[PDB]
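The next block holds one structure in the form of structure tokens; read it before the comments.
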Amino acid sequence: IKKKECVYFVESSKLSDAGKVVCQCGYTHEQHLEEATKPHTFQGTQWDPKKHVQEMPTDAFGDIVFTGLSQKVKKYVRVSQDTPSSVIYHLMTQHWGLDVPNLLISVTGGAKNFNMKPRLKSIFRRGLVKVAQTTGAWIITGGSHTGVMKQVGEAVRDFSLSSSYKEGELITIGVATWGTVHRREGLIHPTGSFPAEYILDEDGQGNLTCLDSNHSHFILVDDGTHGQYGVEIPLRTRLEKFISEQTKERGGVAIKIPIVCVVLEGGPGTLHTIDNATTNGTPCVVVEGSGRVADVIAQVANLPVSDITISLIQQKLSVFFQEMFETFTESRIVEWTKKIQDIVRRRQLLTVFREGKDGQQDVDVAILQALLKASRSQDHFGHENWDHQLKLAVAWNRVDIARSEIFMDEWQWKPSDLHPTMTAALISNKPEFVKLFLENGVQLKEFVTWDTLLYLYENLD
Amino acid sequence: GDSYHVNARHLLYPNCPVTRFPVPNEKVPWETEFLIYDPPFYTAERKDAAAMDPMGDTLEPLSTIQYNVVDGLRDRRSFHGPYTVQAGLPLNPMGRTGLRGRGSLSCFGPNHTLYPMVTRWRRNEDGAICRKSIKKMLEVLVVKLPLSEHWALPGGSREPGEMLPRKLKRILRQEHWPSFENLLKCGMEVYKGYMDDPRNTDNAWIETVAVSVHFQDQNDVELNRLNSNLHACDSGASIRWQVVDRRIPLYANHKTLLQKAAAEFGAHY
């Protein structure tokens, strides 16, 4: 059912905490989150984690079509915060029944409503409409209609409207913070199954934010909060890394579900989304040419371990709120250098996307070059380098990359390890792949078993 | 010198995920400069802030008990030189991490460990080395922690009331074997110095003494029957010998000290 299994993290919001700067309440007044602890509690003297942030079986557990902005049928869940990430996996793979993620693509950003180059907007959004269509993998979007998370559903609007294909339909699950959303209402239908309807409007309750024009799902983590941004990272580093460490069920070799990252802009919090994930093992692509986070790290990612206590690139930033170096009033400047230098230190998790020939470096494959570099750090006599990567470049007709990425390694030459991704280059055509496996010299009599040709002739055209 | 806290500066700790003072790579030691800004000092994670009834370390205002001396019920003594108690809290030589006065390491600075480095140069079906390049092939009994996704080497880290390898006797002997007590007696010492434990703060930091029992002979190795006994029946989940390469599930752990083992014995690592 998953109504009762997902629960809340919500609490009485007016009772205490004199944060009285808001002008429509004392501090987040009633006809609100005081629904069960509305009357006099025992003390209620602190709205701290001392105050238990209560749970209840879920309400926002249904379909919402847009009123006059979309037509497709999408499911959105209000969740808890500190639940184990396994019950929602039963919600997304059994209750939703979504096909297994072939790659996770975490798109992160800020609230900064940026507009990059339209040629950047071309090669980005023409790059994404092929990669998920060729795989059927899952895509992490972010919800809100201010920032990068406003631009990423425009790419989905290229797939949901222009290149409309349910065959290879993308899974762009946005993840919003319940409290920073623009509309509390239109979500409290006490049925557990609503085909409801409301309006996308960012200026609609404009002190808060509405969400992007096109995403597949919206997961709504509650804190008791109200507009206080920046709560996805306890879920983004946990929920996505949980469905990262799910191995595939079967198929060739049961490899783990990989994860790549995408950054377009963003600030503190976006920088604190990517650097811990690289320590967690998530590689990322960085768009040199557009970025507050996504520009200044790309200039220095090739440079070695040095320091400027950052003093030249500290205001080589975006549109310069708090204009210059001397009056930027965003402190911990020397403290921010380590949050770039550990990304500089971990060298296998980086691919810079420049402007000149990096769009000509095959953006359809240039995003996955990070995992062709990051999984090459694996060496444990255990092939998580050298079969999990080998199912990736075969899907792009990139033999020249595969000639460069593994054949120019210290390759253990492993003719048994060519054999499962031999068959990946046999279930579809892949001519120079099979020639490269013959240029490497796959011994065909020993590659062919009986169960090979059983599996082979099971995979006819 | 910037490699003091590359694991300790992590954000998520599965016991207590507190990190809210990063300290830069140019400003790692507190002795030269860390910053003028400070973290709070409260983790304590289990029992008490500084009383710590099962782990009798010291309080803070009941001042520390003179780190050089044999103080009582707990020796926090070091192979390091500067065990600097400055403000009633033992600031490390490795610089303030920006963490919050950890006593959850059960010592307020457990500054000694010893892992069961059972050195056996591996061989093929009849006897060879790493023909990988030129070097040797090394295999070491490591024990998988049953819930965490890594294997582990039990630290000889001084169980309270007991001596050094008696915290290695958290599991060395519970797999029922009361016989052989001459482990480092047939052992060859390897390395003394710091290890960047991920739960290290200014007031708590861990280092090692490393001893090798080199089984280059490969015939009278210590085994389930020969010279030792490890059943893995009641307290051992997976205790398998493991070959040296730079990914194996010892990730930000014991693996980061076996490169000195490969430099000692000529192993491929």
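Please treat every number below as a calculation from the coordinates, not as lab data. Cβ atoms come from the backbone with ideal geometry, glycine included; neighbour counts cover every protein chain shown.
Do the conditions hold for residue B:26, that is, is it surrounded by fewer than 18 Cβ atoms within 10 Å (Cβ to Cβ), away from chain A (no Cβ under 12 Å) and in contact (Cβ under 8 Å) with a residue 12 or more places away in the chain?
Working: surrounded by fewer than 18 Cβ atoms within 10 Å (Cβ to Cβ): yes; away from chain A (no Cβ under 12 Å): no; in contact (Cβ under 8 Å) with a residue 12 or more places away in the chain: yes.
Answer is no for this residue.
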ask   = Only one of these conditions is not met by residue B:258: (1) within 14 Å of chain A (Cβ to nearest Cβ); (2) in a loop (DSSP other than H, G, I, E, B). Which number is it?
value = (2)
request  = Would you check if residue B:57 is within 14 Å of another protein chain (Cβ to nearest Cβ), within 18 Å of residue B:202 (Cβ to Cβ) and of a type in the set (D, E, K, R)?
outcome  = no
inquiry  = Please go through (1) at the interface with another protein chain (Cβ under 10 Å from one of its Cβ atoms); (2) in a helix (DSSP H, G or I); (3) in contact (Cβ under 8 Å) with a residue 60 or more places away in the chain for residue A:370 and return the number of the only condition it doesn't satisfy.
reply    = (1)
key: Members of region A:178-188 that are in contact (Cβ under 8 Å) with a residue 60 or more places away in the chain and closer than 17 Å to residue A:10 by Cα   = A:178, A:184, A:187, A:188
query = Identify, please: which residue in region A:242-270 is assigned to a strand (DSSP E or B) and touching a residue at least 40 places away in the same chain (Cβ under 8 Å) and is, among those, farthest from the other protein chains (Cβ to nearest Cβ)?
reply = A:262
inquiry  = Filter region A:301-345 down to the residues that are at the interface with another protein chain (Cβ under 9 Å from one of its Cβ atoms), assigned to a helix (DSSP H, G or I) and within 15 Å of residue A:291 (Cβ to Cβ) and list them by number.
reply    = A:339
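Can you confirm whether residue B:76 is away from every other protein chain (no Cβ under 11 Å), crowded, with 17+ Cβ neighbours inside 10 Å and closer than 30 Å to residue B:190 by Cα?
Yes, satisfied.
Yes/no matrix, rows are residues, columns are (1) in contact with a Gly (Cβ under 6 Å, 6 or more places away or on another chain); (2) away from chain A (no Cβ under 14 Å); (3) surrounded by 16 or more Cβ atoms within 10 Å (Cβ to Cβ):
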position: B:177; (1), (2), (3): no, yes, no
position: B:191; (1), (2), (3): no, yes, yes
position: B:203; (1), (2), (3): yes, yes, yes
position: B:219; (1), (2), (3): no, yes, no
position: B:226; (1), (2), (3): no, yes, no
position: B:249; (1), (2), (3): no, no, yes
position: B:263; (1), (2), (3): no, yes, no
key: Answer from A:282, A:225, A:273 - the residue that is in a loop (DSSP other than H, G, I, E, B) and within 13 Å of the chain's Cα centre (by Cα)   = A:282
key: Selected residue (only one of B:37, B:13, B:67 is out of contact with any helix residue (DSSP H, G or I) (no Cβ under 9 Å at 6 or more places or on another chain), surrounded by 14 or more Cβ atoms within 10 Å (Cβ to Cβ), part of a loop (DSSP other than H, G, I, E, B) and within 14 Å of chain A (Cβ to nearest Cβ))   = B:13
inquiry  = Tally up the residues in region A:375-399 that are within 14 Å of chain B (Cβ to nearest Cβ) and among the basic types (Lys, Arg), please.
reply    = 1
message = If a residue must be under 19 Å from residue A:430 (Cα atoms) and acidic (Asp, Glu), how many such residues does region A:379-401 contain?
response = 2
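Do we find a residue being farther than 19 Å from residue B:67 by Cβ, assigned to a strand (DSSP E or B) and small (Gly, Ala, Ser) anywhere in region B:217-235? Show your work before the answer.
Narrowing region B:217-235 to residues farther than 19 Å from residue B:67 by Cβ: B:217-235.
Next, only the ones that are assigned to a strand (DSSP E or B) stay: none.
Scanning region B:217-235, I find no residue that is farther than 19 Å from residue B:67 by Cβ, assigned to a strand (DSSP E or B) and small (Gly, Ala, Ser), so the answer is no.
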